[PDB]
Amino acid sequence: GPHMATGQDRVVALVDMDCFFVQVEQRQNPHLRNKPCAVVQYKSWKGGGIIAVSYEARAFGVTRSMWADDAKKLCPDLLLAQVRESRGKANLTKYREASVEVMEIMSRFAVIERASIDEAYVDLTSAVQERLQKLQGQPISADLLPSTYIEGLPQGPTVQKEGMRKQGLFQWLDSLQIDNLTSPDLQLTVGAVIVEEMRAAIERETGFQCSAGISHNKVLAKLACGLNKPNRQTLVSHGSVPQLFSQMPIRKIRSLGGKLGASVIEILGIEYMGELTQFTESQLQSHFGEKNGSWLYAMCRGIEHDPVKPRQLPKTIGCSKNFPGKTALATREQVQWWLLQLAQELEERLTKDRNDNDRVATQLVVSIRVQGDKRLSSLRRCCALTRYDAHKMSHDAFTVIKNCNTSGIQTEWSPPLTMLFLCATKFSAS
DNA sequence: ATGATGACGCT
DNA sequence: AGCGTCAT
Ligand SMILES: Cc1cn([C@H]2C[C@H](O)[C@@H](COP(=O)(O)NP(=O)(O)OP(=O)(O)O)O2)c(=O)[nH]c1=O
Ligand SMILES: [Mg+2]
Ligand SMILES: [Mg+2]
C-alpha cells in the first residue's frame with residue numbers, strides 16, 4: 001500500500017486527427033464537407049483502394065481497405081477524393097504537409113512525440129504544474145471542458161448523449177480535491193483543460209477536428225482517445241482502470257493487437273485485460289519473456305512507463321510501391337525504371353527535408369518482396385547514401401539487389417518482384 | 001490485389 | 001546487419 005507505485009506520475013495525451021486524409025480533402029474542396037466521402041488510391045483495379053473514410057460514410061459500413069467499387073454498393077452516393085499520383089505512384093505530400101501544420105500547433109503547448117502522420121503523444125506534466133499555480137486553488141468550471149467525457153461516469157442512483165456527458169462531468173468535478181496540487185485526478189483534469197485549448201487552436205488555425213485521450217501514460221491515453229470519437233476527448237483516471245479493463249479485450253491495448261496478444265489469450269486462457277492481475281510477475285515473465293512479462297504485470301494495473309519522446313520529425317524517409325498480381329516486375333529494365341521513380345520522389349523529399357530540418361541522411365536501405373512470399377519484405381540491404389542524387393541512389397539500389405535475380409537470360413527478372421522500397425536513414429545534423 | 005509508410009525489438 | 005512485429 002504505502003510503497004506500491006500507482007503510475008500516477010505523468011499526465012499524457014494522445015491526439016488523433018479524425019478521418020484525417022478525408023478532412024484534408026474536405027478543407028480543400030467544400031463540396032465534400034458533411035458528406036459521406038472517402039479517400040482512394042489508384043482507380044483502375046476496382047475503383048481504387050479506400051484509405052480513409054468520413055464518419056457519415058462509416059455509418060453505411062464503408063471501411064478502409066475496401067475497394068471503392070464495393071464501398072459504392074454499400075453507399076451509392078459516396079463521394080471520393082483521389083490521392084495524388086506522381087511518377088506512377090501514390091504521393092502523400094499533401095497529407096504530410098497538413099500533418100506538419102497540426103504538429104507545429106501542438107508543439108506550442110507541450111512536448112510532442114509524432115506517432116504517425118495523424119497522431120501525436122503529448123507530455124503535459126509540466127504544463128499542468130504551471131497551470132495549477134496560476135489558477136491557484138480555485139475550482140474548475142465544466143465550461144472549461146466542453147467536449148470532455150470522464151470514462152466510467154455517470155454512475156449510481158437522462159436519455160440524450162450530450163446529457164450523459166455533462167452528468168458524468170458534473171460527478172467528476174463535484175468530487176475533485178482542488179487544494180491538493182499533487183492530486184492525480186486534479187492533474188488529469190487540468191491536462192484535459194489544456195487539451196481542450198490545444199484542440200480549439202488546431203481547429204481554429206487549420207480547420208481540422210480531432211479526438212484525444214488524457215491519462216497517466218501512453219497506452220491509457222491511446223485507449224481513451226478511441227472511446228468517444230469524433231471531435232471529443234476522454235479522461236481515463238487511474239481509478240477508472242479496474243472497471244474499464246474488466247471487459248476490455250486484450251487486443252485493444254497497444255502492442256497486443258498481434259501475435260503476443262493472441263498468445264496471452266491462448267496460453268493463459270483469458271479474454272480481458274483485467275484478468276491479467278491474477279498472475280505473478282514471474283509467471284508472466286515465464287510465458288512471455290522478462291520484458292513483456294514485466295510490462296504486462298504493470299499494464300494490467302494501469303501502469304506503464306514508455307516515455308513521450310521528444311520527436312516531432314520522422315527518423316526515416318521512405319518510398320515504396322507494391323506491384324501486385326500481374327503487374328509484378330519481371331524484366332531488368334522495369335526494375336530499373338521503377339527504382340528510378342522511387343529514387344526521384346525520395347530525392348525530392350530528402351532535399352526538402354535537408355532545407356527544412358537541417359539534417360542529412362547517410363544510409364539507404366533497399367527492400368524487395370518476391371512473388372510467393374507472404375512477408376512484408378523478402379530481403380533488405382543497406383548502402384551508403386552519399387549524394388542526394390536520384391540516378392546514383394537507383395543505380396546503387398540496383399547493385400545491391402541485382403544478384404537476387406535467379407533468371408538465366410539477363411533481360412529477365414525471376415522470380416518477379418511484388419514490392420520495391422527505398423528508405424533513407426541514419427540522419428546527422430546539417 | 002489491404003498501400004504506403006513508420007518505429008522498434010531480437011539476434 | 002538483416003529479419004520480425006506491430007502500428008497508422
Ligand atoms: C490505419 C491507417 C491510416 N492511414 C492514414 C489514413 C488516415 O486518414 C490517417 C490516420 O489514421 P487513423 O488515425 O488510423 N485513421 P483516421 O485518421 O482516418 O480515422 P480516425 O478518425 O482516426 O479513426 O492515416 C493509412 O493510410 N493507412 C492505414 O492503415
Ligand atoms: Mg486519425
Ligand atoms: Mg491515428
Side-chain angles (χ1 to χ4, degrees), chain A residues 40-51 65-70 82-93 259 314-354 360-427:
Chain A
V40 290
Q41 57 192 13
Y42 307 117
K43 203 74 194 97
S44 287
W45 186 269
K46 299 178 172 175
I50 288 168
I51 61 170
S65 93
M66 275 185 181
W67 300 118
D69 286 349
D70 298 342
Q82 270 187 264
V83 172
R84 181 195 334 172
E85 204 179 301
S86 303
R87 306 188 160 99
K89 68 179 293 295
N91 187 287
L92 309 173
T93 297
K259 289 167 160 197
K315 188 176 320 200
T316 58
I317 290 189
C319 298
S320 76
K321 181 173 176 62
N322 296 354
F323 294 103
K326 293 310 206 310
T327 68
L329 304 185
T331 88
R332 161 180 315 262
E333 261 287 13
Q334 274 183 301
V335 167
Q336 286 172 333
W337 193 85
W338 278 114
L339 289 171
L340 179 60
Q341 307 319 294
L342 287 181
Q344 290 181 339
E345 186 183 329
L346 188 56
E347 182 192 327
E348 184 167 334
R349 279 167 67 186
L350 284 170
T351 294
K352 221 253 176 186
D353 187 76
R354 191 183 63 213
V360 170
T362 59
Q363 189 182 63
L364 178 71
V365 173
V366 196
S367 182
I368 71 179
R369 203 200 328 156
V370 83
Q371 202 169 235
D373 201 343
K374 195 107 69 50
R375 295 176 296 162
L376 77 175
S377 160
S378 302
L379 178 131
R380 258 166 278 184
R381 303 277 192 271
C382 58
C383 69
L385 206 188
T386 56
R387 286 190 157 101
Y388 287 11
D389 182 282
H391 281 91
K392 180 162 171 59
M393 286 192 288
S394 39
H395 182 286
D396 290 339
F398 186 94
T399 299
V400 161
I401 70 164
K402 69 195 183 310
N403 72 81
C404 288
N405 189 7
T406 73
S407 174
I409 169 63
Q410 307 307 330
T411 79
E412 306 316 284
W413 199 287
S414 84
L417 306 191
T418 52
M419 177 279 278
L420 290 174
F421 195 160
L422 302 180
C423 191
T425 66
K426 303 192 170 312
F427 279 95

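A note on names: the letters A, B, ... follow the listed sequences, proteins ahead of strands, and every chain is numbered from 1.
No side-chain heavy atom of A:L329 sits under 4.5 Å from any side-chain heavy atom of A:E333. For the pair A:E347/A:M393, a side-chain contact is recorded, criterion being any heavy-atom separation below 4.5 Å from C-beta on. When side chains are defined from C-beta on, A:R381 does not count as touching A:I401, because their heavy atoms never get closer than 4.5 Å. Side chains of A:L340 and A:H395 form no contact here, defined as non-hydrogen atoms less than 4.5 Å apart. Under the 4.5 Å side-chain criterion, counting only non-hydrogen atoms from C-beta, A:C404 is in contact with A:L379. Counting only heavy atoms from C-beta outward, the side chains of A:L350 and A:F427 approach each other to under 4.5 Å. A:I51 has its side chain within reach of A:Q41: a pair of non-hydrogen atoms, C-beta onward, lies under 4.5 Å apart. Between A:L385 and A:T362 the shortest side-chain heavy-atom distance does not fall below 4.5 Å.
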Can you give me every donor-acceptor pair (side chain of residues 314-324 of chain A, partner residue at least two apart or in another chain, under 3.5 Å) with its distance?
| from | atom 1 | to | atom 2 | distance (Å) |
| --- | --- | --- | --- | --- |
| A:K321 | NZ | A:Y42 | OH | 3.1 |
| A:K321 | NZ | A:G88 | O | 3.4 |

Please tabulate, for side-chain N and O atoms in residues 413-423 of chain A, each donor-acceptor pair with protein atoms closer than 3.5 Å (sequence neighbours left out).
| from | atom 1 | to | atom 2 | distance (Å) |
| --- | --- | --- | --- | --- |
| A:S414 | OG | A:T406 | OG1 | 2.6 |
| A:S414 | OG | A:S407 | N | 3.3 |

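Qualifying side-chain contact (heavy atoms from CB on, under 4.5 Å) partners for A:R84, counting only residues two or more places apart in sequence or in other chains: A:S86, A:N91, A:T93, A:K94. A:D389 meets the salt bridge (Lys or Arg N to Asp or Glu O under 4.0 Å) test with no other residue; sequence neighbours excluded. For A:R349, the side-chain hydrogen bond (donor to acceptor under 3.5 Å, both in side chains) test picks out A:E345, with sequence neighbours left out. With sequence neighbours left out, A:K426 forms a salt bridge (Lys or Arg N to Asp or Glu O under 4.0 Å) with no residue at all.
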message = One pair to check against salt bridge (charged side-chain N to carboxylate O under 4.0 Å, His left out): A:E348 and A:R87. What are the steps and the verdict?
response = CA-CA 12 Å; A:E348 184 167 334; A:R87 306 188 160 99; 3.0 Å; yes

query = Does the side chain to side chain contact (heavy atoms under 4.5 Å, CB included) test come out yes or no for A:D69 and A:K46, once each step is laid out?
reply = CA-CA 5 Å; A:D69 286 349; A:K46 299 178 172 175; 4.0 Å; yes

query = Should A:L364 and A:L346 be marked as a side chain to side chain contact (heavy atoms under 4.5 Å, CB included) after you check the CA-CA gap, both sets of side-chain angles, and the distance that decides it?
reply = CA-CA 10 Å; A:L364 178 71; A:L346 188 56; 4.0 Å; yes

request  = Assess whether side chain to side chain contact (heavy atoms under 4.5 Å, CB included) is satisfied between A:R332 and A:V335, documenting all intermediate values.
outcome  = CA-CA 5 Å; A:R332 161 180 315 262; A:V335 167; 5.9 Å; no

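Counting all heavy atoms, side chain and backbone alike, A:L376 lies closest to A:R380 at CD2-NH2, 4.2 Å. Minimum interatomic distance between A:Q410 and A:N405 (heavy atoms only, all atoms of both residues): O-ND2, 4.3 Å. When every heavy atom of A:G325 is checked against every heavy atom of A:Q371, the shortest pair comes out as O-OE1, 3.7 Å. Of all the heavy atoms in A:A68 and A:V40, the pair that sits closest is CB-CG1, 3.9 Å. Across all their heavy atoms, A:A90 and A:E85 have their closest contact at N-CG, 4.4 Å.
The CD atom of A:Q336 sits 10.5 Å away from atom NE2 of A:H391, with the distance rounded to the nearest 0.5 Å. A distance of 7.0 Å separates OG in A:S378 from CZ in A:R369, rounded to the nearest 0.5 Å. Within the model, atoms OG of A:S394 and CD of A:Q341 stand 9.0 Å from one another, a figure rounded to the nearest 0.5 Å.
Between the side chains of A:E412 and A:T331, no donor-acceptor pair of N or O atoms lies under 3.5 Å.
Enclosure of atom NZ in A:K259 is not indicated, since only 12 or fewer non-hydrogen atoms of other residues, nucleotides or ligands lie within 6.0 angstrom. For A:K43, the NZ atom counts as densely surrounded, since its 6.0 Å shell holds more than 12 non-hydrogen atoms of other residues, nucleotides or ligands.
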